[PDB]
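*Asks:* Quick one, start-v1.pdb (PDB, N, CA and C atoms and all ligand atoms):
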```pdb
ATOM      1  N   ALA A   1      23.457 -17.577 -27.790
ATOM      2  CA  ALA A   1      24.332 -16.660 -28.577
ATOM      3  C   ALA A   1      24.530 -15.347 -27.825
ATOM      4  N   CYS A   2      23.456 -14.566 -27.704
ATOM      5  CA  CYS A   2      23.483 -13.277 -27.015
ATOM      6  C   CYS A   2      23.166 -13.449 -25.535
ATOM      7  N   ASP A   3      24.168 -13.916 -24.800
ATOM      8  CA  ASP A   3      24.056 -14.159 -23.370
ATOM      9  C   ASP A   3      24.141 -12.865 -22.568
ATOM     10  N   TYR A   4      24.909 -11.906 -23.089
ATOM     11  CA  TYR A   4      25.083 -10.606 -22.443
ATOM     12  C   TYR A   4      24.883  -9.469 -23.431
ATOM     13  N   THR A   5      23.943  -8.584 -23.111
ATOM     14  CA  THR A   5      23.625  -7.430 -23.962
ATOM     15  C   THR A   5      24.049  -6.119 -23.306
ATOM     16  N   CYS A   6      25.001  -5.440 -23.947
ATOM     17  CA  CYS A   6      25.541  -4.174 -23.466
ATOM     18  C   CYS A   6      25.082  -3.114 -24.452
ATOM     19  N   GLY A   7      24.022  -2.395 -24.113
ATOM     20  CA  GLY A   7      23.526  -1.418 -25.060
ATOM     21  C   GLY A   7      23.210  -2.223 -26.306
ATOM     22  N   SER A   8      24.026  -2.068 -27.344
ATOM     23  CA  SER A   8      23.816  -2.771 -28.603
ATOM     24  C   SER A   8      24.875  -3.836 -28.877
ATOM     25  N   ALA A   9      25.833  -3.965 -27.963
ATOM     26  CA  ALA A   9      26.891  -4.959 -28.103
ATOM     27  C   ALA A   9      26.350  -6.290 -27.594
ATOM     28  N   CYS A  10      26.642  -7.352 -28.332
ATOM     29  CA  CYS A  10      26.176  -8.687 -27.991
ATOM     30  C   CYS A  10      27.353  -9.625 -27.728
ATOM     31  N   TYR A  11      27.422 -10.161 -26.513
ATOM     32  CA  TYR A  11      28.511 -11.069 -26.139
ATOM     33  C   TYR A  11      28.012 -12.449 -25.755
ATOM     34  N   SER A  12      28.752 -13.470 -26.172
ATOM     35  CA  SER A  12      28.421 -14.854 -25.841
ATOM     36  C   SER A  12      29.212 -15.236 -24.588
ATOM     37  N   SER A  13      28.965 -16.441 -24.074
ATOM     38  CA  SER A  13      29.665 -16.934 -22.889
ATOM     39  C   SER A  13      31.145 -17.073 -23.198
ATOM     40  N   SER A  14      31.447 -17.505 -24.419
ATOM     41  CA  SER A  14      32.826 -17.678 -24.862
ATOM     42  C   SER A  14      33.556 -16.338 -24.932
ATOM     43  N   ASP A  15      32.864 -15.306 -25.412
ATOM     44  CA  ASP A  15      33.453 -13.975 -25.509
ATOM     45  C   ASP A  15      33.888 -13.507 -24.125
ATOM     46  N   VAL A  16      32.989 -13.647 -23.157
ATOM     47  CA  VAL A  16      33.266 -13.245 -21.780
ATOM     48  C   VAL A  16      34.409 -14.060 -21.182
ATOM     49  N   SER A  17      34.341 -15.373 -21.357
ATOM     50  CA  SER A  17      35.344 -16.284 -20.833
ATOM     51  C   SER A  17      36.741 -15.988 -21.370
ATOM     52  N   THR A  18      36.823 -15.646 -22.653
ATOM     53  CA  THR A  18      38.102 -15.328 -23.295
ATOM     54  C   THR A  18      38.677 -14.009 -22.779
ATOM     55  N   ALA A  19      37.819 -13.000 -22.643
ATOM     56  CA  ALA A  19      38.256 -11.699 -22.153
ATOM     57  C   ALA A  19      38.680 -11.838 -20.687
ATOM     58  N   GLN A  20      37.854 -12.514 -19.895
ATOM     59  CA  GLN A  20      38.130 -12.737 -18.479
ATOM     60  C   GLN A  20      39.467 -13.457 -18.259
ATOM     61  N   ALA A  21      39.766 -14.450 -19.099
ATOM     62  CA  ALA A  21      41.014 -15.204 -18.984
ATOM     63  C   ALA A  21      42.222 -14.300 -19.230
ATOM     64  N   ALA A  22      42.096 -13.405 -20.202
ATOM     65  CA  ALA A  22      43.172 -12.481 -20.525
ATOM     66  C   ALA A  22      43.409 -11.490 -19.376
ATOM     67  N   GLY A  23      42.318 -10.929 -18.857
ATOM     68  CA  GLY A  23      42.402  -9.977 -17.765
ATOM     69  C   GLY A  23      42.928 -10.562 -16.471
ATOM     70  N   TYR A  24      42.511 -11.787 -16.164
ATOM     71  CA  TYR A  24      42.945 -12.456 -14.949
ATOM     72  C   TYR A  24      44.436 -12.768 -15.011
ATOM     73  N   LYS A  25      44.914 -13.131 -16.201
ATOM     74  CA  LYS A  25      46.320 -13.453 -16.411
ATOM     75  C   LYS A  25      47.228 -12.258 -16.158
ATOM     76  N   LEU A  26      46.856 -11.088 -16.680
ATOM     77  CA  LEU A  26      47.645  -9.870 -16.472
ATOM     78  C   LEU A  26      47.646  -9.509 -14.993
ATOM     79  N   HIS A  27      46.494  -9.680 -14.343
ATOM     80  CA  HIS A  27      46.348  -9.402 -12.916
ATOM     81  C   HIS A  27      47.317 -10.294 -12.130
ATOM     82  N   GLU A  28      47.345 -11.568 -12.505
ATOM     83  CA  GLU A  28      48.188 -12.577 -11.883
ATOM     84  C   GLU A  28      49.683 -12.237 -12.015
ATOM     85  N   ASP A  29      50.077 -11.719 -13.180
ATOM     86  CA  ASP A  29      51.470 -11.346 -13.434
ATOM     87  C   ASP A  29      51.783  -9.926 -12.965
ATOM     88  N   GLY A  30      50.762  -9.219 -12.481
ATOM     89  CA  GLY A  30      50.941  -7.857 -12.002
ATOM     90  C   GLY A  30      51.192  -6.829 -13.091
ATOM     91  N   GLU A  31      50.609  -7.056 -14.263
ATOM     92  CA  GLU A  31      50.777  -6.149 -15.392
ATOM     93  C   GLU A  31      49.495  -5.390 -15.719
ATOM     94  N   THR A  32      49.646  -4.241 -16.374
ATOM     95  CA  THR A  32      48.510  -3.417 -16.776
ATOM     96  C   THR A  32      48.746  -2.794 -18.152
ATOM     97  N   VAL A  33      47.653  -2.498 -18.854
ATOM     98  CA  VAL A  33      47.709  -1.901 -20.183
ATOM     99  C   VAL A  33      46.655  -0.793 -20.304
ATOM    100  N   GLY A  34      46.924   0.192 -21.155
ATOM    101  CA  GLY A  34      45.970   1.271 -21.365
ATOM    102  C   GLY A  34      46.165   2.479 -20.476
ATOM    103  N   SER A  35      45.611   3.615 -20.888
ATOM    104  CA  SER A  35      45.747   4.842 -20.117
ATOM    105  C   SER A  35      45.134   4.718 -18.718
ATOM    106  N   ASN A  36      44.152   3.828 -18.567
ATOM    107  CA  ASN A  36      43.473   3.591 -17.288
ATOM    108  C   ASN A  36      44.047   2.417 -16.503
ATOM    109  N   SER A  37      45.158   1.867 -16.976
ATOM    110  CA  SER A  37      45.834   0.778 -16.291
ATOM    111  C   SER A  37      44.964  -0.427 -15.937
ATOM    112  N   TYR A  38      44.430  -1.097 -16.955
ATOM    113  CA  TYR A  38      43.605  -2.289 -16.741
ATOM    114  C   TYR A  38      44.479  -3.543 -16.720
ATOM    115  N   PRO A  39      44.121  -4.545 -15.893
ATOM    116  CA  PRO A  39      42.963  -4.567 -14.995
ATOM    117  C   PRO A  39      43.271  -3.875 -13.668
ATOM    118  N   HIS A  40      42.260  -3.261 -13.065
ATOM    119  CA  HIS A  40      42.445  -2.588 -11.785
ATOM    120  C   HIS A  40      41.215  -2.829 -10.922
ATOM    121  N   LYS A  41      41.353  -2.603  -9.616
ATOM    122  CA  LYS A  41      40.261  -2.807  -8.674
ATOM    123  C   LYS A  41      38.972  -2.092  -9.029
ATOM    124  N   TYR A  42      37.878  -2.826  -8.898
ATOM    125  CA  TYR A  42      36.546  -2.306  -9.131
ATOM    126  C   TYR A  42      35.953  -2.328  -7.719
ATOM    127  N   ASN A  43      35.638  -1.153  -7.187
ATOM    128  CA  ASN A  43      35.115  -1.048  -5.829
ATOM    129  C   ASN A  43      33.622  -1.290  -5.634
ATOM    130  N   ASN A  44      32.893  -1.435  -6.736
ATOM    131  CA  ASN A  44      31.450  -1.654  -6.711
ATOM    132  C   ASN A  44      30.693  -0.474  -6.079
ATOM    133  N   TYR A  45      30.984   0.732  -6.564
ATOM    134  CA  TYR A  45      30.318   1.942  -6.081
ATOM    135  C   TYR A  45      28.836   1.889  -6.435
ATOM    136  N   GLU A  46      28.531   1.267  -7.570
ATOM    137  CA  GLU A  46      27.159   1.127  -8.040
ATOM    138  C   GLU A  46      26.318   0.229  -7.141
ATOM    139  N   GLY A  47      26.983  -0.578  -6.314
ATOM    140  CA  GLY A  47      26.283  -1.473  -5.406
ATOM    141  C   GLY A  47      25.581  -2.643  -6.071
ATOM    142  N   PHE A  48      26.212  -3.221  -7.087
ATOM    143  CA  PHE A  48      25.636  -4.361  -7.784
ATOM    144  C   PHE A  48      25.602  -5.548  -6.825
ATOM    145  N   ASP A  49      24.618  -6.427  -7.007
ATOM    146  CA  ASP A  49      24.469  -7.607  -6.160
ATOM    147  C   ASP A  49      25.171  -8.824  -6.743
ATOM    148  N   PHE A  50      26.497  -8.839  -6.622
ATOM    149  CA  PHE A  50      27.316  -9.938  -7.111
ATOM    150  C   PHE A  50      27.202 -11.137  -6.167
ATOM    151  N   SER A  51      27.203 -12.336  -6.741
ATOM    152  CA  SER A  51      27.103 -13.581  -5.983
ATOM    153  C   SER A  51      28.455 -14.082  -5.492
ATOM    154  N   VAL A  52      29.532 -13.541  -6.057
ATOM    155  CA  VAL A  52      30.881 -13.943  -5.673
ATOM    156  C   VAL A  52      31.523 -12.896  -4.763
ATOM    157  N   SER A  53      32.481 -13.323  -3.945
ATOM    158  CA  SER A  53      33.159 -12.439  -2.997
ATOM    159  C   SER A  53      34.195 -11.531  -3.638
ATOM    160  N   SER A  54      34.440 -10.399  -2.986
ATOM    161  CA  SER A  54      35.416  -9.422  -3.437
ATOM    162  C   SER A  54      36.797  -9.974  -3.078
ATOM    163  N   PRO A  55      37.884  -9.299  -3.503
ATOM    164  CA  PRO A  55      37.907  -8.059  -4.295
ATOM    165  C   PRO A  55      37.558  -8.299  -5.765
ATOM    166  N   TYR A  56      37.065  -7.259  -6.425
ATOM    167  CA  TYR A  56      36.692  -7.342  -7.832
ATOM    168  C   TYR A  56      37.657  -6.514  -8.673
ATOM    169  N   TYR A  57      37.785  -6.889  -9.944
ATOM    170  CA  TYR A  57      38.659  -6.198 -10.892
ATOM    171  C   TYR A  57      37.911  -6.028 -12.208
ATOM    172  N   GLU A  58      38.050  -4.859 -12.830
ATOM    173  CA  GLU A  58      37.401  -4.612 -14.110
ATOM    174  C   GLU A  58      38.423  -4.737 -15.225
ATOM    175  N   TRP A  59      37.971  -5.304 -16.339
ATOM    176  CA  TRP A  59      38.797  -5.532 -17.516
ATOM    177  C   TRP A  59      37.906  -5.338 -18.742
ATOM    178  N   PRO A  60      38.388  -4.597 -19.747
ATOM    179  CA  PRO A  60      37.594  -4.355 -20.955
ATOM    180  C   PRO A  60      37.338  -5.583 -21.827
ATOM    181  N   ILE A  61      36.114  -5.666 -22.338
ATOM    182  CA  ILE A  61      35.724  -6.726 -23.260
ATOM    183  C   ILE A  61      35.331  -5.959 -24.525
ATOM    184  N   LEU A  62      35.949  -6.311 -25.646
ATOM    185  CA  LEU A  62      35.704  -5.618 -26.908
ATOM    186  C   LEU A  62      34.689  -6.288 -27.815
ATOM    187  N   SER A  63      33.834  -5.479 -28.437
ATOM    188  CA  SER A  63      32.812  -5.974 -29.358
ATOM    189  C   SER A  63      33.437  -6.605 -30.607
ATOM    190  N   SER A  64      34.641  -6.156 -30.956
ATOM    191  CA  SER A  64      35.358  -6.673 -32.121
ATOM    192  C   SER A  64      35.805  -8.125 -31.955
ATOM    193  N   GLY A  65      35.833  -8.604 -30.714
ATOM    194  CA  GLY A  65      36.260  -9.965 -30.453
ATOM    195  C   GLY A  65      37.727 -10.071 -30.067
ATOM    196  N   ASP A  66      38.489  -9.002 -30.294
ATOM    197  CA  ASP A  66      39.914  -8.968 -29.953
ATOM    198  C   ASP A  66      40.082  -8.820 -28.447
ATOM    199  N   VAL A  67      41.235  -9.249 -27.941
ATOM    200  CA  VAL A  67      41.540  -9.129 -26.521
ATOM    201  C   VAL A  67      42.140  -7.741 -26.317
ATOM    202  N   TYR A  68      41.717  -7.053 -25.262
ATOM    203  CA  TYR A  68      42.230  -5.716 -24.992
ATOM    204  C   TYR A  68      43.752  -5.712 -24.814
ATOM    205  N   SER A  69      44.412  -4.770 -25.485
ATOM    206  CA  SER A  69      45.861  -4.646 -25.402
ATOM    207  C   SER A  69      46.372  -3.217 -25.205
ATOM    208  N   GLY A  70      45.603  -2.397 -24.494
ATOM    209  CA  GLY A  70      46.038  -1.035 -24.215
ATOM    210  C   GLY A  70      45.469   0.083 -25.059
ATOM    211  N   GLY A  71      44.711  -0.264 -26.092
ATOM    212  CA  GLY A  71      44.114   0.749 -26.943
ATOM    213  C   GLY A  71      42.863   1.360 -26.328
ATOM    214  N   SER A  72      41.860   1.608 -27.162
ATOM    215  CA  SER A  72      40.602   2.188 -26.701
ATOM    216  C   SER A  72      39.777   1.066 -26.058
ATOM    217  N   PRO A  73      39.520   1.166 -24.743
ATOM    218  CA  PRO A  73      38.757   0.171 -23.984
ATOM    219  C   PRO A  73      37.268   0.061 -24.294
ATOM    220  N   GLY A  74      36.665   1.140 -24.785
ATOM    221  CA  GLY A  74      35.246   1.096 -25.083
ATOM    222  C   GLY A  74      34.396   1.195 -23.833
ATOM    223  N   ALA A  75      33.111   0.880 -23.955
ATOM    224  CA  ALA A  75      32.189   1.001 -22.827
ATOM    225  C   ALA A  75      31.937  -0.231 -21.964
ATOM    226  N   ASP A  76      32.317  -1.408 -22.446
ATOM    227  CA  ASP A  76      32.043  -2.642 -21.719
ATOM    228  C   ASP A  76      33.202  -3.238 -20.927
ATOM    229  N   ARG A  77      32.866  -3.862 -19.793
ATOM    230  CA  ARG A  77      33.838  -4.478 -18.890
ATOM    231  C   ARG A  77      33.353  -5.808 -18.324
ATOM    232  N   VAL A  78      34.289  -6.724 -18.085
ATOM    233  CA  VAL A  78      33.969  -7.991 -17.427
ATOM    234  C   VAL A  78      34.551  -7.789 -16.022
ATOM    235  N   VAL A  79      33.831  -8.244 -15.002
ATOM    236  CA  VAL A  79      34.289  -8.101 -13.625
ATOM    237  C   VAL A  79      34.554  -9.483 -13.031
ATOM    238  N   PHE A  80      35.761  -9.676 -12.502
ATOM    239  CA  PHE A  80      36.148 -10.952 -11.890
ATOM    240  C   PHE A  80      36.793 -10.733 -10.520
ATOM    241  N   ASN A  81      36.911 -11.802  -9.738
ATOM    242  CA  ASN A  81      37.523 -11.700  -8.415
ATOM    243  C   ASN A  81      38.839 -12.471  -8.364
ATOM    244  N   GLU A  82      39.431 -12.598  -7.171
ATOM    245  CA  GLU A  82      40.704 -13.308  -7.008
ATOM    246  C   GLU A  82      40.640 -14.800  -7.321
ATOM    247  N   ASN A  83      39.435 -15.374  -7.309
ATOM    248  CA  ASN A  83      39.252 -16.800  -7.613
ATOM    249  C   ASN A  83      39.020 -17.016  -9.116
ATOM    250  N   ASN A  84      39.077 -15.930  -9.880
ATOM    251  CA  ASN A  84      38.814 -15.947 -11.319
ATOM    252  C   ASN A  84      37.368 -16.370 -11.568
ATOM    253  N   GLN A  85      36.491 -15.939 -10.667
ATOM    254  CA  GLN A  85      35.065 -16.197 -10.784
ATOM    255  C   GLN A  85      34.483 -14.947 -11.430
ATOM    256  N   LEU A  86      33.523 -15.141 -12.330
ATOM    257  CA  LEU A  86      32.858 -14.039 -13.010
ATOM    258  C   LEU A  86      31.842 -13.390 -12.073
ATOM    259  N   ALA A  87      32.053 -12.117 -11.753
ATOM    260  CA  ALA A  87      31.132 -11.387 -10.889
ATOM    261  C   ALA A  87      30.006 -10.830 -11.746
ATOM    262  N   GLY A  88      30.360 -10.334 -12.926
ATOM    263  CA  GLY A  88      29.356  -9.788 -13.816
ATOM    264  C   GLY A  88      29.937  -9.095 -15.023
ATOM    265  N   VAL A  89      29.040  -8.673 -15.903
ATOM    266  CA  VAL A  89      29.418  -7.985 -17.111
ATOM    267  C   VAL A  89      28.683  -6.635 -17.074
ATOM    268  N   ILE A  90      29.457  -5.546 -17.032
ATOM    269  CA  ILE A  90      28.904  -4.189 -16.935
ATOM    270  C   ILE A  90      29.261  -3.259 -18.106
ATOM    271  N   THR A  91      28.557  -2.132 -18.219
ATOM    272  CA  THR A  91      28.803  -1.178 -19.308
ATOM    273  C   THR A  91      28.480   0.268 -18.932
ATOM    274  N   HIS A  92      29.092   1.202 -19.655
ATOM    275  CA  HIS A  92      28.851   2.626 -19.444
ATOM    276  C   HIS A  92      27.661   3.061 -20.298
ATOM    277  N   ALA A  93      27.324   2.248 -21.302
ATOM    278  CA  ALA A  93      26.212   2.521 -22.221
ATOM    279  C   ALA A  93      24.873   2.538 -21.492
ATOM    280  N   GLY A  94      24.172   3.666 -21.576
ATOM    281  CA  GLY A  94      22.891   3.800 -20.906
ATOM    282  C   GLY A  94      23.026   4.426 -19.528
ATOM    283  N   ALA A  95      24.263   4.657 -19.097
ATOM    284  CA  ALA A  95      24.534   5.257 -17.795
ATOM    285  C   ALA A  95      25.030   6.689 -17.957
ATOM    286  N   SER A  96      24.979   7.455 -16.871
ATOM    287  CA  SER A  96      25.433   8.842 -16.876
ATOM    288  C   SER A  96      26.786   8.933 -16.175
ATOM    289  N   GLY A  97      27.550   9.976 -16.496
ATOM    290  CA  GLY A  97      28.862  10.162 -15.896
ATOM    291  C   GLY A  97      29.771   8.964 -16.097
ATOM    292  N   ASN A  98      30.564   8.631 -15.082
ATOM    293  CA  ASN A  98      31.451   7.475 -15.170
ATOM    294  C   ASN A  98      30.804   6.284 -14.445
ATOM    295  N   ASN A  99      29.473   6.259 -14.419
ATOM    296  CA  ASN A  99      28.734   5.180 -13.764
ATOM    297  C   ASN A  99      28.495   4.006 -14.706
ATOM    298  N   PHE A 100      28.224   2.840 -14.121
ATOM    299  CA  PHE A 100      27.963   1.607 -14.871
ATOM    300  C   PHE A 100      26.552   1.086 -14.614
ATOM    301  N   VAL A 101      26.055   0.305 -15.568
ATOM    302  CA  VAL A 101      24.767  -0.373 -15.468
ATOM    303  C   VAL A 101      25.122  -1.813 -15.821
ATOM    304  N   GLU A 102      24.400  -2.771 -15.260
ATOM    305  CA  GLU A 102      24.681  -4.167 -15.536
ATOM    306  C   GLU A 102      24.114  -4.574 -16.893
ATOM    307  N   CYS A 103      24.808  -5.483 -17.568
ATOM    308  CA  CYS A 103      24.359  -5.963 -18.863
ATOM    309  C   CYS A 103      23.393  -7.115 -18.640
ATOM    310  N   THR A 104      22.307  -7.114 -19.398
ATOM    311  CA  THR A 104      21.269  -8.121 -19.254
ATOM    312  C   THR A 104      21.260  -9.237 -20.294
TER     313      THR A 104
HETATM  314  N1  LIG B 201      31.894   3.835 -11.758
HETATM  315  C1  LIG B 201      32.845   3.180 -11.111
HETATM  316  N2  LIG B 201      34.135   3.540 -11.213
HETATM  317  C2  LIG B 201      34.958   2.784 -10.439
HETATM  318  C3  LIG B 201      34.600   1.745  -9.618
HETATM  319  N3  LIG B 201      35.717   1.214  -8.972
HETATM  320  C4  LIG B 201      36.700   1.940  -9.407
HETATM  321  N4  LIG B 201      36.326   2.919 -10.283
HETATM  322  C5  LIG B 201      37.189   4.010 -10.741
HETATM  323  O1  LIG B 201      36.819   5.183  -9.965
HETATM  324  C6  LIG B 201      36.910   6.367 -10.796
HETATM  325  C7  LIG B 201      35.539   7.027 -10.893
HETATM  326  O2  LIG B 201      34.543   6.208 -11.507
HETATM  327  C8  LIG B 201      37.435   5.881 -12.170
HETATM  328  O3  LIG B 201      38.865   5.968 -12.176
HETATM  329  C9  LIG B 201      36.991   4.398 -12.164
HETATM  330  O4  LIG B 201      37.823   3.533 -12.951
HETATM  331  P1  LIG B 201      37.430   3.292 -14.511
HETATM  332  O5  LIG B 201      37.220   4.664 -15.073
HETATM  333  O6  LIG B 201      38.593   2.552 -15.081
HETATM  334  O7  LIG B 201      36.196   2.494 -14.380
HETATM  335  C10 LIG B 201      33.241   1.376  -9.516
HETATM  336  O8  LIG B 201      32.803   0.503  -8.778
HETATM  337  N5  LIG B 201      32.410   2.147 -10.306
END
```
As structure tokens, please, write out the structure in this file.
Ligand SMILES: Nc1nc2c(ncn2[C@@H]2O[C@H](CO)[C@@H](O)[C@H]2OP(=O)(O)O)c(=O)[nH]1
*Replies:*
Amino acid sequence: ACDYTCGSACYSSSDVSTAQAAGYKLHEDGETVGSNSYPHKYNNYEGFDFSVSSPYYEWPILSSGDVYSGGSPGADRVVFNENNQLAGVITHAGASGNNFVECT
């Protein structure tokens, strides 16, 4: 059930897969939504040890279960690459500044 824990947000594999599919599709069509223009390149400044190759893209995953459509993105993100492989699930919760910590 709780495959990914972001602070207090709990996401299942299906939740991630659904959000990732939506984000990858917009990337594929070259579209973006929200004040921060998601999905956009994630440079991995935090230096996370991803098992998949770059480039990476961040896309918001909502605790409500809805697919992001340009509103408030919240603190959690799913990270994917050009192969639509899941690099990881990250969050701003528990981090300082605009930094991310990996969800466990
Ligand atoms: N913290 C962080 N921000 C990133 C990274 N890659 C791109 N960014 C963007 O770099 C700027 C400083 O963090 C922000 O615009 C941020 O976008 P988001 O705010 O949409 O994450 C990354 O690897 N880590």
*Asks:* Produce as a VMD selection string the set of residues near ligand LIG 201 (chain B), where near means within 6.5 Å with only N, CA and C atoms and all ligand atoms considered.
*Replies:* chain A and resid 36 41 to 47 98 to 100
*Asks:* If the PyMOL selection byres (((chain A and resi 63) around 8) and not hetatm) were run on this exact file, what residues would it hold? Put them as number ranges by chain.
*Replies:* A: 9-11, 60-62, 64-66, 73-76
*Asks:* Please extract the residues of segment 20-87 of chain A with a backbone DSSP assignment of helix (DSSP H, G or I) and present them as a ChimeraX atom specification.
*Replies:* /A:20-29
*Asks:* Hey, what comes out of the PyMOL selection byres (((chain A and resi 20 and name CA) around 8) and not hetatm and name CA) on this file? Could you write it as a ChimeraX atom specification?
*Replies:* /A:16-19,21-24,59,78-80,84,86
*Asks:* For the atom pair atom CA of residue 90 of chain A and atom CA of residue 28 of chain A, what is the interatomic distance in Å to one decimal place?
*Replies:*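 Interatomic distance, atom CA of residue 90 of chain A to atom CA of residue 28 of chain A: 21.6 Å.
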*Asks:* Give the strand (DSSP E or B) residues of chain A, as DSSP finds them on the backbone, and put them as an mmCIF file with N, CA and C atoms, in the frame of the given file.
*Replies:*
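Saved to part_19.cif:
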```cif
data_model
loop_
_atom_site.group_PDB
_atom_site.id
_atom_site.type_symbol
_atom_site.label_atom_id
_atom_site.label_comp_id
_atom_site.auth_asym_id
_atom_site.auth_seq_id
_atom_site.Cartn_x
_atom_site.Cartn_y
_atom_site.Cartn_z
ATOM 1 N N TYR A 4 24.909 -11.906 -23.089
ATOM 2 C CA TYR A 4 25.083 -10.606 -22.443
ATOM 3 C C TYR A 4 24.883 -9.469 -23.431
ATOM 4 N N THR A 5 23.943 -8.584 -23.111
ATOM 5 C CA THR A 5 23.625 -7.430 -23.962
ATOM 6 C C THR A 5 24.049 -6.119 -23.306
ATOM 7 N N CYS A 6 25.001 -5.440 -23.947
ATOM 8 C CA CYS A 6 25.541 -4.174 -23.466
ATOM 9 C C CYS A 6 25.082 -3.114 -24.452
ATOM 10 N N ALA A 9 25.833 -3.965 -27.963
ATOM 11 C CA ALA A 9 26.891 -4.959 -28.103
ATOM 12 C C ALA A 9 26.350 -6.290 -27.594
ATOM 13 N N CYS A 10 26.642 -7.352 -28.332
ATOM 14 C CA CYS A 10 26.176 -8.687 -27.991
ATOM 15 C C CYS A 10 27.353 -9.625 -27.728
ATOM 16 N N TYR A 11 27.422 -10.161 -26.513
ATOM 17 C CA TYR A 11 28.511 -11.069 -26.139
ATOM 18 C C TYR A 11 28.012 -12.449 -25.755
ATOM 19 N N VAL A 33 47.653 -2.498 -18.854
ATOM 20 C CA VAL A 33 47.709 -1.901 -20.183
ATOM 21 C C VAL A 33 46.655 -0.793 -20.304
ATOM 22 N N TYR A 38 44.430 -1.097 -16.955
ATOM 23 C CA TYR A 38 43.605 -2.289 -16.741
ATOM 24 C C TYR A 38 44.479 -3.543 -16.720
ATOM 25 N N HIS A 40 42.260 -3.261 -13.065
ATOM 26 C CA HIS A 40 42.445 -2.588 -11.785
ATOM 27 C C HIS A 40 41.215 -2.829 -10.922
ATOM 28 N N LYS A 41 41.353 -2.603 -9.616
ATOM 29 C CA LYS A 41 40.261 -2.807 -8.674
ATOM 30 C C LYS A 41 38.972 -2.092 -9.029
ATOM 31 N N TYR A 42 37.878 -2.826 -8.898
ATOM 32 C CA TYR A 42 36.546 -2.306 -9.131
ATOM 33 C C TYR A 42 35.953 -2.328 -7.719
ATOM 34 N N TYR A 56 37.065 -7.259 -6.425
ATOM 35 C CA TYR A 56 36.692 -7.342 -7.832
ATOM 36 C C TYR A 56 37.657 -6.514 -8.673
ATOM 37 N N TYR A 57 37.785 -6.889 -9.944
ATOM 38 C CA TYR A 57 38.659 -6.198 -10.892
ATOM 39 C C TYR A 57 37.911 -6.028 -12.208
ATOM 40 N N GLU A 58 38.050 -4.859 -12.830
ATOM 41 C CA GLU A 58 37.401 -4.612 -14.110
ATOM 42 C C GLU A 58 38.423 -4.737 -15.225
ATOM 43 N N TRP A 59 37.971 -5.304 -16.339
ATOM 44 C CA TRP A 59 38.797 -5.532 -17.516
ATOM 45 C C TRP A 59 37.906 -5.338 -18.742
ATOM 46 N N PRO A 60 38.388 -4.597 -19.747
ATOM 47 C CA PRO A 60 37.594 -4.355 -20.955
ATOM 48 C C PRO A 60 37.338 -5.583 -21.827
ATOM 49 N N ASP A 76 32.317 -1.408 -22.446
ATOM 50 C CA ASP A 76 32.043 -2.642 -21.719
ATOM 51 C C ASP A 76 33.202 -3.238 -20.927
ATOM 52 N N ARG A 77 32.866 -3.862 -19.793
ATOM 53 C CA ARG A 77 33.838 -4.478 -18.890
ATOM 54 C C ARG A 77 33.353 -5.808 -18.324
ATOM 55 N N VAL A 78 34.289 -6.724 -18.085
ATOM 56 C CA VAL A 78 33.969 -7.991 -17.427
ATOM 57 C C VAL A 78 34.551 -7.789 -16.022
ATOM 58 N N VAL A 79 33.831 -8.244 -15.002
ATOM 59 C CA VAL A 79 34.289 -8.101 -13.625
ATOM 60 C C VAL A 79 34.554 -9.483 -13.031
ATOM 61 N N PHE A 80 35.761 -9.676 -12.502
ATOM 62 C CA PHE A 80 36.148 -10.952 -11.890
ATOM 63 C C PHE A 80 36.793 -10.733 -10.520
ATOM 64 N N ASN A 81 36.911 -11.802 -9.738
ATOM 65 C CA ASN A 81 37.523 -11.700 -8.415
ATOM 66 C C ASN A 81 38.839 -12.471 -8.364
ATOM 67 N N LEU A 86 33.523 -15.141 -12.330
ATOM 68 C CA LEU A 86 32.858 -14.039 -13.010
ATOM 69 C C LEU A 86 31.842 -13.390 -12.073
ATOM 70 N N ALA A 87 32.053 -12.117 -11.753
ATOM 71 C CA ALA A 87 31.132 -11.387 -10.889
ATOM 72 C C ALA A 87 30.006 -10.830 -11.746
ATOM 73 N N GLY A 88 30.360 -10.334 -12.926
ATOM 74 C CA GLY A 88 29.356 -9.788 -13.816
ATOM 75 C C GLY A 88 29.937 -9.095 -15.023
ATOM 76 N N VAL A 89 29.040 -8.673 -15.903
ATOM 77 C CA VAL A 89 29.418 -7.985 -17.111
ATOM 78 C C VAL A 89 28.683 -6.635 -17.074
ATOM 79 N N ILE A 90 29.457 -5.546 -17.032
ATOM 80 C CA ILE A 90 28.904 -4.189 -16.935
ATOM 81 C C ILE A 90 29.261 -3.259 -18.106
ATOM 82 N N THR A 91 28.557 -2.132 -18.219
ATOM 83 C CA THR A 91 28.803 -1.178 -19.308
ATOM 84 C C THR A 91 28.480 0.268 -18.932
ATOM 85 N N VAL A 101 26.055 0.305 -15.568
ATOM 86 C CA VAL A 101 24.767 -0.373 -15.468
ATOM 87 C C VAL A 101 25.122 -1.813 -15.821
ATOM 88 N N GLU A 102 24.400 -2.771 -15.260
ATOM 89 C CA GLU A 102 24.681 -4.167 -15.536
ATOM 90 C C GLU A 102 24.114 -4.574 -16.893
#
```
*Asks:* I need the residue nearest residue 83 of chain A from this list: A:37, A:101, A:27, A:32. Use only C-alpha atoms for the distance.
*Replies:*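 With only C-alpha atoms as the atom set, the closest residue is A:27.
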*Asks:* What is the distance between atom C of residue 14 of chain A and atom N of residue 35 of chain A, in Å to one decimal?
*Replies:*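 Atom N of residue 35 of chain A lies 23.7 Å from atom C of residue 14 of chain A.
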*Asks:* When distances are computed from only N, CA and C atoms, which of A:103, A:50, A:31, A:39 shows the smallest separation from residue 91 of chain A?
*Replies:*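 For residue 91 of chain A, the nearest of the given residues is A:103.
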*Asks:* Could you list, as a list in words, every residue within 8 Å of residue 1 of chain A, counting only C-alpha atoms and ignoring same-chain residues fewer than 2 positions away?
*Replies:*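 In the requested format, the answer is residues 3, 11, 12 and 13 of chain A.
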*Asks:* Between A:15, A:34, A:77, A:104, single out the one closest to residue 58 of chain A, counting all atoms listed in the file.
*Replies:*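 Closest residue, counting all atoms listed in the file: A:77.
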